[PDB]
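Have a look at the structure below before the remarks.
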Amino acid sequence: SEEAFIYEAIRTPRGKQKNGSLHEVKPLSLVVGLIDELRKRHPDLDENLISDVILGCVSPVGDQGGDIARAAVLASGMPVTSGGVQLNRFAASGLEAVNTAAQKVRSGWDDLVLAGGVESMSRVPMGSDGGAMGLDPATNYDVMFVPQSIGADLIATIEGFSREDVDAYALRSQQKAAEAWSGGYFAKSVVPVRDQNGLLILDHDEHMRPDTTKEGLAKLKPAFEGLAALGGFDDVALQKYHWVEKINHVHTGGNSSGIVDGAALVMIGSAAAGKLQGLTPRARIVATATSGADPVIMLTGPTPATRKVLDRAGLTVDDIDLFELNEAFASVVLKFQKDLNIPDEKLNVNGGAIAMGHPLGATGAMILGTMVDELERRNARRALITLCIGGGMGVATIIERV
Amino acid sequence: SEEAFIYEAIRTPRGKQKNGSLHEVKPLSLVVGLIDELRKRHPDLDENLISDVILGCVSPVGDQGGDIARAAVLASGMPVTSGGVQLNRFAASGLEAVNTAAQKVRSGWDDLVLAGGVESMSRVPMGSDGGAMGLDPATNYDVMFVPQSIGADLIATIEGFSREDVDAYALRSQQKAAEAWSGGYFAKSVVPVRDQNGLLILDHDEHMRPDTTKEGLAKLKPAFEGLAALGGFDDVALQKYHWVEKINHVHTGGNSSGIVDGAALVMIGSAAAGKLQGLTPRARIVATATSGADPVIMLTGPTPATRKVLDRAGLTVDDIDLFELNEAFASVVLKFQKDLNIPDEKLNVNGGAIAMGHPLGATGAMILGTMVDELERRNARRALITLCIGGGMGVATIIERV
Amino acid sequence: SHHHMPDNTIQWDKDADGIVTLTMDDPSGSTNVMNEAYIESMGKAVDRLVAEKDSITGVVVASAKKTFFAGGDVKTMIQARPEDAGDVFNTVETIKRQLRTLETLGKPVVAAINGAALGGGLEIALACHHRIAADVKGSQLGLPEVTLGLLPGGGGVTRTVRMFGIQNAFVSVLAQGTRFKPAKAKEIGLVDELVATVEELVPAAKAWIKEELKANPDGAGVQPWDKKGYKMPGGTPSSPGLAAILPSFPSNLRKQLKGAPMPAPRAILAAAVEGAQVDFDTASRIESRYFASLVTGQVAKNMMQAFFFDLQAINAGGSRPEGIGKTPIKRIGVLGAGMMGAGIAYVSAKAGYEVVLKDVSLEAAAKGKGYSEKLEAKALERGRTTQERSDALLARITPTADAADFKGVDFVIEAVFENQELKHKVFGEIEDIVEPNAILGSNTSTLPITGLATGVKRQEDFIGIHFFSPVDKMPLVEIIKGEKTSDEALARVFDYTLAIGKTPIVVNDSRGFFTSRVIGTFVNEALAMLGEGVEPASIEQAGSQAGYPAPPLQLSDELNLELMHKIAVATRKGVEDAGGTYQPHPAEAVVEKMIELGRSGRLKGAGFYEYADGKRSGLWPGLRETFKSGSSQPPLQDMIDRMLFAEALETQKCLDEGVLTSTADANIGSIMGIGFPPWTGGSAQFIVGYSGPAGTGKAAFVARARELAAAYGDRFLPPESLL
């Protein structure tokens, strides 16, 4: 068997896109800072037992090119035998790294692995790496490429989520993120970013707007309306979804995920590896699953992935205490909740990317560590972590508190 | 347990860099062409059982950006639930994809996975993605960045491999690659590249020079001598290796791996998944390992990785019938052979990248499938596949014929 | 190699200065066409340029026909099967190898464009380094291969992208096969210089070569993309500016084509962008592989069959009576100044015919002439016409409110209300007033000509001349043969349609003729689906994705729904009067319900759509509850096929009954008259060219039709003539 356990899960604060505190910080420095923090917590751990470092990254170019995971292994003084591999599965990259690390542990061929992600969107913007699905006409034309934001407006149109509905969820996210920070829910897992002198750079999620009002969200302009009309992507989406006459553009900057910088790190190993290193297991990876749904609407992957990981674990929705789904767009969360009838009290209980930001490659590992803390804080049992993925993909993971 | 088996392993021919047959072919088309070939071989297989598609790619930019594995899933008409993730571990990417796929099978959370790689170096050259280890001065200065070619010259200097020695291995590689093609060793695994009309584009490894002479290799100029003197990388390498006075630059274009385009695909699944789909297992993944060695010399990773995977499998060098190590540079193979005392008759028996080319992200999966065929052709038992990796990393895999 | 025993089509001439003049003059035809004779003649000519390069200083490509060079060989391209893809690929590679050699001789090559340079013709001139065009009227220049289901495979895609960049070359030149006047071409950059007469072309070409050699000797004969510092206009796909808007090029194309299965524009855009990522020669080969992909496909064969062979068989007189001669038209009398009559008076006067536009009142007759005024003014501001052409032709239109003013007219075209009792008296009050052998045409959509003819004395000159609104934009004229209609009357009207620059079809008298009857089956299927419970959004999408220019429910709002009601009443009076029981179409129930709700289309303010001050809005929100839309969700292809197959089957019945006499008139009449999708090649070509999950051809059409009949009604059963 060789069960996989999470021994540590940490992240940086998320720095905003415009005049952000982390814009001066190299993406490599964000990862090394977290490695240094893991050394503070276990200074006598034999790092030669760490066999790999797996980092998700959606734009692996420039500062994030050249296998940034191996750069982090070397720049941090980690053992030269500790590996280092970059991967990209769009928004689920950070969670795919955790899933891959847990599966390498179960195989018996790896004993102790670092997993996580990094994305500095203020320095390396989304789409910097190119891609055939968007830029190659034959591929673009055949798969009916529609940017995510329009797929998110399509979900609200199909399901009947109004502008007030998605803005209501956005307000709730700002509130729960503010309550989580005020209550000290994040104090032990958000590692402040400091410079090479020890001086503070950022210690909090500066994208949050805790004073958001329902009225203030109502004044915001639909962000994806100038992109849909001038690009003709609306007409492309409705050729596939021919029973929908008009797309209601409900999503703005206030009910979508924020563009932020950040990194996350998770330490995964077997029970023998943790006992040998004096580590205490915080949770156990129950099961993982990859699935997907229609790539035109792009953002309906979480529901098949969640149902698949639940069937694999022999569990139902009622067996899960906390559901954490990335807040790429408000209608994606409302859709996922309506699909599986999730009690609102279980869903993104400490807030999400709408308030705190969505650093693509790191987000999956951030919200996973968020769930390890909250399961322990509430003394609850099981959590399910999932993310919507560009191209219609889906990834879901069930963890159990230990 | 859930052992992982290889059911298929195929690749394209490798197209050369200058006036190459594959320069007009999108990297995406190379992968889709192999997917189409796998459908020809098992047209009644339920593709919904394929849960992921894992592709290594060292320069995931431009045509190779945006998670080319997901583009291949969609462009080929594969089920929308079939995943798609890109990864980069430098030259071992194609083998890391196979290792990851086999470990996902052993975890029990994936039943049938596609693994492989793609690299179109004539269209997306090496280093197109950037990277901190080379382009960031603080990181470059601290880790003592030395390009691979100079590390390869350093290995020959330290071990005493002369210009004639490395050129002798290069000749042997050209001969064995020519004998393998002439004897039909590759006929059933090299899938010719064709256009959208069925017209042939390339059916053979056009980088090969079967008429290479020992005298013709002796006339070639050291490729990495203008890079070492003008960049000062020699002095950087010798500060670390202070007991070596002078670096002998023995490596040229004739004893190094060729710059080529190509892709490879491997199908991996559990015994239950293959039996359920009417598939016959060709080999079994015995064990995998990640390790590494000094990142200044960069290319001594195969020896720790090979020793680790051998200890994990409970085997010795004498238990392996075929050793396949990528021919990035001739001195790396001679070093690996001298380290572990490999009988010359077991080492890269069908030729290697010096003759046929080294398409970074795909090479690991190419030489793995090369070993599945040769184990079956010789009716041998076990093969060990390893690659040297930039940054001093190492990856090794043991397969057993079934 | 520059070669693949035919005649030679290129004449060689070297003057004392070392300039060679290649004069293209194919002896087997009236124009220069890219046939086997051309490929061999240009091969020899290019070989001789390379062999004699030590005594050659420049080249001038000229022509001996009225036109420079006109496209490729359609008779060969239409026969290319998928197993001939290698021969297609090799052929266009050979053609481009010759042009590429001509382009890199190290010497200036000038194209002397005397007449039209279309498709392969312009591609030859694009391979030169300087293009001079004679500013002659009628000289067209462009790459219209997309209109035949092809792409410019002789370097047109590769070279225009190199000259203009991906965006400008696709939008302006390639995607629509736009034809350009010489002044237009000089403005966009297809041509560099203009000359007044064709006699100045070659001397200007030789003068330009001598000046280019003196002024720019280092770069003489070097295209801009063959220099080291070449920058593609608008950037390459990897530059950040173009890569930001590049993902919107296929989506906008998908929006323009409305999802219709036309593969040529997709291939052009793919070849244009993939070519801009690689060197010129590699780009050219990519362009060849996409060209072979189109030629061996069915859609290109459909469009070649319709827009080349069928249209030429019509313009040659295939439906014209093969024995009659010529009869001039000195004056034309138009009855009715409405949307139809005013437009008919325009196109007739536009060709220079004197018109007496008669309406009841002079104020309405002047408003009929005012329709020409708004067109004469809108055409003047656009600079299309100006110098007295509009004013003199507008003077030819003579409004009149008196029937006596229609004196001396030998060609009557009545475009008044479709009421037989009205038309009987209107013609009776006019036949004694106009010339004895005057043609008596009647613009009608339903009423049979044989019945209308019984109101005149000389029925041999009575005939149906059905125009399509707007008359100035629609190209089809449906000529309906009455039982008493003489063959001379048909020839006189056939010649008139070619005189006003329109395409004619000949139809024998029958209920609904050809266009109105076949388009009826199209809207009846859509109205049936709405009653069945199919979402109206899906019905409109099925119509647009089928390739129709207007979705059916929108089309049913333009065609007054009250007008559709009394057409069914006229048909029910044909069977119930003959004793047989009428089998009503279930679409009639949907019409009556929308009539009952007071939504009879756009004319009465609201129909299937909502309307606000002449601007169509979205679908009526009450439509879904009224017909319980959503209770039936058939596959989208079934919706598309029900509309396409209904018109296809109805076309075959018209061919069986003798309504139409040829599949050419069926294909062109369906495309130009009722908006049948061009990618099909016509309602008759759709049968022989159908391609679906059953196969390709008549046999696959029959099985799919029998499959549609088993799930939607026996009306989809194919006739015996297809079995």
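Protein chains get the first letters and strands the later ones, always in sequence-line order, with residue 1 at the start of each. Scope of the values below: all heavy atoms of this structure, side chains included, with no hydrogens, waters or symmetry mates.
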Open item on the list: Heavy-atom count check: over 12 atoms from other residues, nucleotides or ligands less than 6.0 Å from C:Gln637 CD?
Closed with: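 It does: C:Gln637 CD has more than 12 such atoms within range.
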Open item on the list: If you count heavy atoms of other groups shown closer than 6.0 angstrom to CD of C:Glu483, is the number above 12?
Closed with: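 No.
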Can [X] and [Y] be counted as an ion pair, charged N to O under 4.0 angstrom?
{"X": "C:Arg642", "Y": "C:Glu532", "value": "yes"}
{"X": "B:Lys40", "Y": "B:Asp36", "value": "no"}
{"X": "C:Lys502", "Y": "C:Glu478", "value": "no"}
{"X": "C:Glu562", "Y": "C:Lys604", "value": "yes"}
{"X": "A:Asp235", "Y": "C:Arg254", "value": "no"}
{"X": "C:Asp656", "Y": "C:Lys653", "value": "no"}
{"X": "C:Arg517", "Y": "C:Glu657", "value": "yes"}
{"X": "C:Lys593", "Y": "C:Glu596", "value": "no"}
{"X": "C:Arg266", "Y": "A:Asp142", "value": "yes"}
{"X": "A:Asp153", "Y": "A:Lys246", "value": "no"}

Open item on the list: Quick check on side chain to side chain contact (heavy atoms under 4.5 Å, CB included): which of C:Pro552, C:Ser632, C:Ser629 does C:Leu530 satisfy it with?
Closed with: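 The option that passes is C:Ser629.
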Does the side chain of [X] come under 3.5 Å of the side chain of [Y] through a donor N or O and an acceptor N or O?
{"X": "C:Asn560", "Y": "C:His565", "answer": "no"}
{"X": "C:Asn667", "Y": "C:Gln685", "answer": "no"}
{"X": "C:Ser670", "Y": "C:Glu647", "answer": "no"}
{"X": "C:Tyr548", "Y": "C:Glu540", "answer": "no"}

- [ ] Any chance you could measure C:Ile539, atom CD1, to C:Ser544, atom OG, to the nearest 0.5 Å?
- [x] 12.0 Å
Open item on the list: Centre-to-centre under 6.0 Å for C:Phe522 and C:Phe676, is that the case here?
Closed with: no
